[PDB]
Structure formats: structure tokens, C-alpha cells
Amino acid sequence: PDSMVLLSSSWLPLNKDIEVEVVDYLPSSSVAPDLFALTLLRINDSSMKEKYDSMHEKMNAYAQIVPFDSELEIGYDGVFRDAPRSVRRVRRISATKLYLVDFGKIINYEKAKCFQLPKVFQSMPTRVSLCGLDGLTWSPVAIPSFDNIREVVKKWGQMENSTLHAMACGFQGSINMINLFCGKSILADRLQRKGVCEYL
């Protein structure tokens, strides 16, 4: 049978300021219903840049891209080939959607363009980082707004005309517990100020 592949995700450095882009939400079984989760893509990280760029070069040149006997199972990983020598790593996050785990973009599931992820390309974690907003107890009435809040947060850096920064405060399973901020504008502080959540 086909091997069911699930890439781990990139860790953020503890108590270290990093530059991040808020990307499309990658769901994880490791997020509690009342944890405000979000997906970050650390940017301007030269250490990993050459590694990811090298991976994509080899993936595009890879000869032995094999198809699934059956198909990519939901929740698991393979590759998406949108054209010859254009190959990227994906997770089938739902029946109709793939997630480009190294770019932070959701695209439509195309059965014919999906192939297995070769073992040699399973060593790099997803470039995106699974994250959760640290230090908060959310009002139950607010939890339904998490999607809307994520959309706002995705555009926050653009509206600030600034690169957002993050700092991992800890780790809960596979989730980076982070603060997200732009200068003195701290996400948890502005949410807490609206009374939809309280500090732990």
C-alpha cells in the first residue's frame, strides 16, 4: 500500500525575535478548540533558505515521481506537480484542498497532479510553523470568531506596512506558543483589550 507521510513542522526559536508572514491556516490535530491557532512562515532566515531552495531544485529535477496506487489520503502529504519540473510538497488538508506546506498557500486538490513524496524529500520539516496565541483564555462566545480574526491577522502586516515579528514563548506538543507583534502593537494585548479573552 501507499506509505502515509506526515511531515513535521518548523520550530520557532525560544524567546528569539523572528520576522514572520502570517499565511493560510494549516489545521492540526494538536490545537484545542479554545486555542486561537495560526500558521506563520518565518522569513529572511538564511540558514534554512539554501536548504529549502536546494530541495525545490532537486524536486523539480527528480526523475522518479511515482503516483499513488489509490490517492493522497486526507491529512497526509505528497507532492503537487502543476507542470513538468514544477514540484512542491503538499498536505491534503481536506477533500477538495491541498496545502503547500513550504509556502503557506491553499490550492485546489487535483487528483491527476498529486504524486507520492519521495523519502529523500521527507527530511525537511514543513517551512510553515504550527502556532498558537499564547497566554489567553478565550470567551466561549468569541471562539466562533477565530476564522474572522485569522483573516484580520493575515492582513495586519500589510495594514501596518511593516513586517510582523513573533517570539516563541513555549511549545505545546507540535504547536509553537507565540507572541505576535508589530513594534509596541501586541496581538494578545489588543484582543484582551476587547474583552473577548483574558490572560492566563
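Numbers follow the displayed sequence, beginning with 1.
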Comparing mean C-alpha B factor in the record for 60 to 68 and 128 to 136, the higher one is 60 to 68
May I ask you to compare 79 to 87 and 101 to 109 by their mean CA B factor in the entry and name the higher one? 79 to 87
Third of the chain's Cα B-factor distribution that residue 150 belongs to, per the entry: middle
Compared with the other modelled residues in the chain, in which third is the CA B-factor of residue 54? highest
Relative to the other modelled residues in the chain, which third contains the C-alpha temperature factor of residue 6: lowest, middle or highest? middle
Where does the C-alpha B-factor of residue 192 rank in its chain, lowest, middle or highest third? highest
Thinking about Cα B factors across the chain, which third does residue 93 belong to? lowest
